[PDB]
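This document contains two forms of one protein chain, each encoded as structure tokens and listed individually as structure 1 and structure 2.
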Structure 1
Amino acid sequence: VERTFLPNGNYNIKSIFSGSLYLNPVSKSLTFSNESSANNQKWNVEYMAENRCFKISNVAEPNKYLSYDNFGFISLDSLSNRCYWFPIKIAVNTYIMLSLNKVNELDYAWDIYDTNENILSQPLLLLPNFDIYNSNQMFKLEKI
């Protein structure tokens, strides 16, 4: 039963810089790659009522969740408090993804670096967030 603005289930994750690149793991990093039509570009989003946040696992690796390491990278890891994400919906299915926890006593969010709007081969990072206007922190969640 729905408890929030974003229903449970399987999503593709994209950056606003590109309609054709999809979030998937590559080695231990996360990056946006060409459509593979495979499970590793499918993400299971599940709401947690107790913390009013979301945990997001990879469909190909169902016991691995989006998390973050001690080096600023988004990672895929076993369940922990670093796997809790607090989205801010800013358009139809565009979200800023904050870590539930304050990091270095700031809001931190998913962040993808672009060079003239190109994000190829960039790893997804966790960087400070200050407002809802940072393009490098905007991500589409498409039910699919």
Structure 2
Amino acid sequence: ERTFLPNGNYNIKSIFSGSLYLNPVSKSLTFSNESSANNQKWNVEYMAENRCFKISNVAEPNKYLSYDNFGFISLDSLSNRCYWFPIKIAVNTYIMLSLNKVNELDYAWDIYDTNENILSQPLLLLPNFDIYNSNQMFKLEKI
């Protein structure tokens, strides 16, 4: 009934490619070929008390999208690092800010690209300055 990112299972993609899907691979998060498997499905849940979102892997329900001490997006047990503040900038396109601010800076999911190719690149948490950085834009598609 909430139109802004309703709860449920999603696919997570980069705007660089509509065929690469976010999944965990050896502690790091990366965009890989369509698997039709549970590890590419993501349970998004809104938390009213914090006014933010937590996102878990459906293959590993206790594991949430978090970040470590070096700027890498990780899968970890629930904590304050798992809290996300999404910004919708297009139909299904989001910039995912961390609820936590260091400096007076916002930090967002960021994916490297090699001429719009993101294969093998790991998901990072990097400074966010505007709504125009392609590497910080992600599609969350309901399934």
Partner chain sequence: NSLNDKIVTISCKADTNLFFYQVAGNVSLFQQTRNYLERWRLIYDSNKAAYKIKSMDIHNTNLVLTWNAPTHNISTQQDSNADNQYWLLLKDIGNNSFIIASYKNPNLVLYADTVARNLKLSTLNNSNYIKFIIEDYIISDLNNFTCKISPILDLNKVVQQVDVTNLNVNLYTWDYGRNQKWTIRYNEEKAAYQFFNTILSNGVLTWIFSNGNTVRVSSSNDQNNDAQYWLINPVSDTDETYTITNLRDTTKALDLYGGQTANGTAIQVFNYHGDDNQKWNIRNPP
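Rigid core here is just the name for the largest C-alpha set that superposes within 1.5 Å across the two forms. Residues that one form lacks are left out of the comparison. Throughout, residue numbering runs from 1 along the sequence of structure 1.
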Query raised in the report: Since only one of the two is the form solved without its partner chain, can you say which one?
Result: 2
Query raised in the report: Which residue moves between the two structures, judged by a Cα shift of 2 Å or more on the rigid core: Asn104, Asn63, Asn70, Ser27?
Result: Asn104
Query raised in the report: Can you give the CA shift of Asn10 between the two structures, in Å, with the two forms fit on their core?
Result: 0.1
Report task. Provide the ranges, sorted by sequence, of consecutive runs with at least 3 residues in which each Cα shifts 2 Å or more between the two structures, based on a superposition on the core. Result -> 2-4, 103-105
